[PDB]
Amino acid sequence: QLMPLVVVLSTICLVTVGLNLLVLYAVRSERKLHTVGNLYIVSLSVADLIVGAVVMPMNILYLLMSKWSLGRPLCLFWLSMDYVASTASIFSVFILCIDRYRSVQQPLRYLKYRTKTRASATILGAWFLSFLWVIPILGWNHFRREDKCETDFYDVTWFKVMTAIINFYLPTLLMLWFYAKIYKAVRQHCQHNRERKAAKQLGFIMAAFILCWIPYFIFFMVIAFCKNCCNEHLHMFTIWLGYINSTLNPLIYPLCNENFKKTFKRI
Amino acid sequence: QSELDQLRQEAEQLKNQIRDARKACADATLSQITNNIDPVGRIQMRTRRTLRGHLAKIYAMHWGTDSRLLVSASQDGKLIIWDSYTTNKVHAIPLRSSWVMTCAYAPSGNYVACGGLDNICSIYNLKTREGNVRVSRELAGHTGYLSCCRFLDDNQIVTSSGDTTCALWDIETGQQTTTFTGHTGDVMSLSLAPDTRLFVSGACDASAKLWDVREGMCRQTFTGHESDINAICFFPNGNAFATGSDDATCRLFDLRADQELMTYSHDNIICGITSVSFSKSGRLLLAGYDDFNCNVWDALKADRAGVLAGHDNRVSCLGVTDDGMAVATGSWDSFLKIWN
Amino acid sequence: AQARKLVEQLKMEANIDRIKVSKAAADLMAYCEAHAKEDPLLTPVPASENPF
Amino acid sequence: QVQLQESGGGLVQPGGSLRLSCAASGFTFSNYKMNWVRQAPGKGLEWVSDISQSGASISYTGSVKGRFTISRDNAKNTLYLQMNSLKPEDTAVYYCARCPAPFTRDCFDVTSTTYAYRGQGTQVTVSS
Amino acid sequence: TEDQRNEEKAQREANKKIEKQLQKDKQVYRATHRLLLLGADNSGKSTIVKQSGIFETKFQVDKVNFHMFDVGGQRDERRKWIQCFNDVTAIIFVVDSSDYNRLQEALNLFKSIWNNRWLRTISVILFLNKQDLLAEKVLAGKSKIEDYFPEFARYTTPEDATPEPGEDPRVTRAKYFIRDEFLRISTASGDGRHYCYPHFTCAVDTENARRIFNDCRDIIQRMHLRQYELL
Ligand SMILES: NCCc1c[nH]cn1
């Protein structure tokens, strides 16, 4: 039943592209959204749009053809785009979390260093770290079935473990700690039912992030260990969970801001 | 004791005589006469420009005599001059005191004045020899915050302050040439007659007074409104003026008839009026309200015709151009909108 | 003295000449009707002549 | 014109009672909160009590609490202050004052030395 | 026309130069916190200042800049010039806690500031400035709070009260009854948008700027948590 799967994945891709384009247009047009806490949302939307415009269509084509018909160059290009965009999304979420944490825990000392220049520099650094994913995908041999698109380091235990930790687990633990501190601050304020809103929002954010990305990185390390004894359908399921994370990202961060909701309603 | 009571009785008796004389010259209400004139229709203006360069709330704006330049004052300590056609801002003058409450544009366009809680009226020479804007004079004779100021020439300015008095200043000498006294509460606004031979003032005592600039005496006092008067403006022909108070109503007064002519109030508005202005022909009376939106009133039938909306906070200032082509509206949301 | 200042000021305000309100009402109508054709806000002008 | 006329009383003996009335005209009495203020001889003006637009929210000062009562009759545009068990410290000039703006709960500047919306005041004297 | 094109080029160049400065000003403006200091004749609000129409004072705590404003050049009526402070971070209210005669006046002024359409969002840092004199007044016993506040006789010290080690229990009940009077006003109408921060203070209290800094943390923290919709 490849046709229904293609239909569903194309629908998801179109939804992702549409939502990201809508968010970017709303940011560009309103002129009331030109804040410093919204540049992070802009970067997140850009990363999700890149995921939903270049990566998902080629993944769907790969699934439909049961093999890579575009050749080695486009194979490498698509793999690099996928890795870079996913890392960009994760790091954008992380930097947004750090921004909110510093806003909540250092309200007066952060108002002095919350300039647009520093936010732009942080976004550029996150995207540079994400772009560092291009070095191994293109130069692993210097430093394989022809019908499959996969990297040359998919069975290296040390490298896969290091990447999985530095890319997912350390950000996840740091985000958990920062949002726990934010929740503690919210509780202290509620102390003067009130914790329901903050608990719900933080839990939703962290649950989406983890429940979407932890199966993929678990599979990452598991195939690094087993050395190719796993299945490919599981790999694609985890990859599409990672894609669904980017699809759902626009419905979490910008929809929690009244100005964004108003601008969306106007459009 | 006895003398004070006798004087009080005489004043009360004389006040009764004034009321009797005023009521004698009452043939018909302006509404009755205007029954045979056609309705104005439905005025629908739209935002043509939005001026956004202010950090804090805007407190006062004033149009230039060319109908293209205007100045505005914001409580961040800034005094911006804008080109309304291109939206470009020509000057940005930083003020020594952040709490400015009034700004004025010279009729010639050579100077700009401002004042506030510092109890001073600062004067800036816009057309300096070196091209900069610097304080030209500092008028420091008022004991109370400055509420309004309007240039009479490049050397004469009339100012009102929260000390219950208005003053006439000689900028060249920097001293009050004449002082106007008689208001019991803070004087909030002043409006100059087209001939500039006499002006009206509104204060926080529900009264308005007509002042003779040359004589320095109160020629006439108009008692209306229930609460503080926040705005006052002259009719284009100079024989009438309109006021707005915290009692959520605007009133039209006639200098020659010594009477109130019309009251512009609706049961659906219970907010105070912060600003008032007239149309070029005097047919429309535009009033800014605390409910964040302005109103357009038919100044001859008292029927509201038009509503200007699009400000996030209360509307603080309101002004129509000299040629009558556009109206500018400031607000506490730190934006100015041009409508036409 | 404050009462004396109040009464004397009130005497000055009680000696002016008053005209009928209908006469004043008519004059307000005349000025608006005479200048009705030079009021851009009252009568919207074509966009060709509008500087905004 | 906004005017407030108070008609109270004169000399009373300690432990007596007195009723002050304030007839208001020139404004819609129903839209304003009304205050009662006094100025003791050789002392500044102080707030005594105030009644709300509908009369549901009363408030008195600590010293006069329990003896003075404030009520209004919006139909007749009048304000009352019933004083019982008057003490020697209660001798002063009582003024009926109006809040500056309608439909508000805060009332600034009603105890200021010069306030436009305040009456002339009536002298209440208590002595043997 | 070439002249017209050059003329508009200068206007756009001029606007760019102004906008560059306005961005620098905005950064400084939002990193500074403006405070309205208002009190009374005997409040002692001048001593809390440990640095014509309006007086200004700047102090720095943990490298954060604070701007306090004392309006001393106006008259007794303040219903108009007080609308200029609808954006201040906090209002510093100083009341002398030793003068029971002038203490109901402070309650009336506090109530007006709290229930003001244009100050309905600002929070108040309350300083009860004379506690060394209040303790002396209570210990003497000549003057009774019950004469001016009849409900004091039925007041008991809060369980959460934290008396300073070695102070008479009679004084502790007097301190908290005065404090409670302002807190009853604050909590009667404030629907979670502004809060009161009571502090007991004396003239020799060196640690007063720190308390303002800590209360300013609380105020800004709540607003940020409100912007994120976490509260
Ligand atoms: N989820 C896209 C592939 C990737 C990104 N980072 C690590 N692996």
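Sequence-order numbering is used: residues on each chain count from 1 as written, possibly diverging from the entry numbering, and only residues with coordinates are shown. Chain A is the first chain written and ligand 1 is the first ligand written, with later ones labelled in order. Hydrogen atoms and water are omitted, and side-chain values are computed over all heavy atoms in the structure. Residues with missing side-chain atoms are left out of burial classes, side-chain pairs and their counts.

Method of determination, as annotated in the archive: cryo-EM, at 2.77 Å resolution.

Comments concerning the overall build of chain A
Going by this rule: Strands here mean DSSP runs of E at least two residues long; helices mean DSSP runs of H or I at least four residues long; both are numbered from the N terminus. Both definitions apply: the radius of gyration is a C-alpha atom measure, and the globule rule equals 2.2 Å times residues to the power 0.38. With a 1.4 Å probe rolled over the protein chains alone, any residue whose accessible area is under 20% of its type maximum counts as buried; one over 50% counts as exposed, and the rest are partly exposed. A 1.4 Å probe and the Shrake-Rupley method give the accessible areas. Residues count as covered only by the protein chains that appear here. None of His or the chain ends enter the tally, which takes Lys and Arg as positive and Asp and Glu as negative. Here the site of a charge means NZ on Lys, CZ on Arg, CG on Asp, or CD on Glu.
When helices and strands are counted, chain A shows 10 helices and 0 strands. From first element to last, N terminus to C terminus, chain A shows the α and β order α-α-α-α-α-α-α-α-α-α. Computed over C-alpha atoms, the radius of gyration of chain A comes to 20 Å, within 12% of the 18 Å expected from 2.2 N^0.38 for 267 residues, which places it in the range of a compact globule. Based on the C-alpha atoms only, the size of chain A along its principal axes is roughly 60 × 40 × 35 Å. A buried classification covers 46% of the 267 residues belonging to chain A. About 13,900 Å² of surface is accessible on chain A, with carbon and sulfur atoms providing 67% of the total. Chain A carries 28 positive and 12 negative side-chain charges, and their two centres are separated by 16 Å.

A few points about the site of the ligand
All names here are of chain A. Where we set the bar: The rule for a residue being near a molecule or strand is that one of its heavy atoms must lie within 4 Å of it. Any N or O atom pair separated by 3.5 Å or less is treated as a polar contact, with the protein-specific requirement of one donor-capable and one acceptor-capable atom, and with residues adjacent in sequence counted only for side-chain atom pairs.
Surveying the vicinity of the ligand reveals the residues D82, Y83, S86, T87, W133, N167, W213, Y216 and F220. Contact distances for the ligand include 3.4 Å between a nitrogen atom and a side-chain N or O atom of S86. At a separation of 3.0 Å, a nitrogen atom of the ligand approaches a polar side-chain atom of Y216. Here the ligand has 260 Å² of accessible area as a free molecule, and 99% of this is covered by the chains.

A word on the UniProt feature "disulfide bond" in chain A
Residues and elements named next belong to chain A. To keep things clear, this is the line we draw: The rule for a disulfide is simple: a pair of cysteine sulfur atoms within 2.5 Å. UniProt positions are given in the numbering used here, feature names are shortened, and annotations may be inferred rather than shown by experiment.
Structure remark: disulfide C75/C149 (UniProt) confirmed, S-S 2.0 Å. As far as the burial class goes, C75 and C149 line up, both buried. Look at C226 and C229: UniProt has them disulfide-bonded, and their sulfurs are 2.0 Å apart, which fits a closed bridge.

Regarding the nonpolar core
To keep things clear, this is the line we draw: Buried residues of nine kinds, namely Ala, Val, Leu, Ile, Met, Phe, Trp, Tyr and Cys, make up a nonpolar core once their side-chain atoms join them within 4.5 Å. Every residue pair with non-hydrogen atoms within 4.5 Å of one another is taken to be in contact.
Of all hydrophobic cores here, the largest spans 78 residues; its most connected members are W78, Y83, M175, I182, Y243 and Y253 of chain A together with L230 of chain E. Contributing elements (two or more residues each) for this core: α1 (2–30), α2 (39–65), α3 (71–105), α5 (116–131), α7 (157–190), α8 (195–226), α9 (232–248) and α10 (258–266) of chain A. Sort the elements by how many residues they give to this core and α3 of chain A lands first, with 17 residues. Apart from residues lying up to four places away in sequence, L230 of chain E is in contact with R100, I182, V186, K197, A198, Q201 and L202 of chain A together with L225 of chain E.

As for the sheet that holds strand β24 (residues 294–298) of chain B
All names here are of chain B. As a reminder, the rule being used: By the convention used here, strands pair only if DSSP detects at least 2 bridges between them. Note on method: axes are straight lines fitted to C-alpha atoms, helices fitted across the in-contact stretch only, with angles between N-to-C directions ranging 0 to 180 degrees.
Pairing within the open sheet is antiparallel, and its 4 strands lie in the order β22-β23-β24-β25. Because the sheet does not close on itself, it has two edges, and the strands there are β22 (273–278) and β25 (304–308). The mean angle between the axes of side-by-side strands here comes to 20 degrees, regardless of whether they run parallel or antiparallel. In the sheet, β22 pairs with strand β23 (residues 284–289) via 5 bridges, with the strands oriented antiparallel. For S275, the partnering residue across the bridge sits in β23 and is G288.

Some thoughts on the sheet that holds strand β20 (residues 250–254) of chain B
Residue and element names in this part refer to chain B. The 4 strands are arranged β18-β19-β20-β21 in an open sheet whose pairing can be described as antiparallel. If you trace the sheet from one side to the other, it starts and ends with β18 (229–234) and β21 (259–264), each paired once. Each adjacent strand pair in this sheet contributes to an overall mean axis angle of 25 degrees, direction not counted. Where β18 and strand β19 (residues 240–245) come together, 5 bridges link them in antiparallel fashion.

Regarding the arrangement of the chains
Contact analysis covers 6 pairs of chains in contact, and the most contacts occur between chains B and C. With no contact formed, the shortest span from any C-alpha in chain C to any C-alpha in chain D equals 14 Å. As for chain E relative to chain C, no contact occurs, and the smallest C-alpha gap between them is 16 Å.

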